[PDB]
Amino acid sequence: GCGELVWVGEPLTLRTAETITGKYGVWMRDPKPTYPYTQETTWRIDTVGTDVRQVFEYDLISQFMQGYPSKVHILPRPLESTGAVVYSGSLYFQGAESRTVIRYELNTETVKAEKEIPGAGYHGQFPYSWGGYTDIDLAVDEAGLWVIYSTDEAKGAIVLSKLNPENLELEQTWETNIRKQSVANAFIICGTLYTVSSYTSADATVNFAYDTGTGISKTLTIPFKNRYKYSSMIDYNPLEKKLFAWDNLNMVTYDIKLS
């Protein structure tokens, strides 16, 4: 059961990074956890630097909030920005300085697929408003795996494609009429693209929505606060039905309300 986003709030900090190297990054959980993982398994990637490859893995939420990682994966390839997601036992991330999406099976630590997103800009071409090499933004919702980006053909407007979680083949593609660079970030809920924009570093709003079903968009005003004033990523988890975000060394979640 899905619905339309009508509310965002109740930001909760779950974990503060140990060092300044965790100023920004991406943390997430698997909406469709596979053995030996569960709905509590938590992955954390500090992305401060040029050589990002370590992936902290926590078995329990108590472990994630208090103790140490159960395991540390070393990615064969370097990771770009904060747009990665975990889905069905695999990490989906962007190859550094490339337009290549990579499926990395966590349990076997094996690369299952590599796929350039056709015509997509990368490494500074189409980042979100605050920049940060955020050209390519992966997403998981109730329908599965998506990728958010832009192309020259789309004239810098946000483009979203439904991805095959197995071989990363583009199944469907939608062109919007909103510039990706005019927006702070984005996520997908029940097949609906939502964008986030900032009046300030602490003040944010969900300002736009595009339904891939109907094909029509809306302007919106759904305010929420960036408590620590430097958000580097915000994704949606279709299982917990919350927003996961990274804000100035803090790994936070937002609760939401769907109509």
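Quick note: we count residues from 1 along the sequence shown, nothing fancier.
Remark: stretch with higher mean C-alpha B factor among 169 to 177 and 97 to 105 is 169 to 177.
Mean CA temperature factor is higher for 106 to 114 when stretches 179 to 187 and 106 to 114 are set side by side in the entry. Sorting 230, 27, 194, 58 by the CA temperature factor given in the entry leaves 230 at the top. Per the deposited coordinates, the residue with the largest Cα temperature factor out of 222, 209, 202, 45 is 202.
The deposited CA B-factor of residue 77 belongs to the highest third of values across its chain. Sort the chain's modelled residues by C-alpha temperature factor and residue 250 lands in the middle third, per the entry. Among the modelled residues of its chain, residue 226 has a C-alpha B-factor that falls in the highest third, as given in the PDB entry. Annotation for residue 234: CA B-factor lies in the lowest third of the chain's modelled residues.
Residue-level temperature factors show residue 241 in the middle third of its chain, judged at the C-alpha atom.
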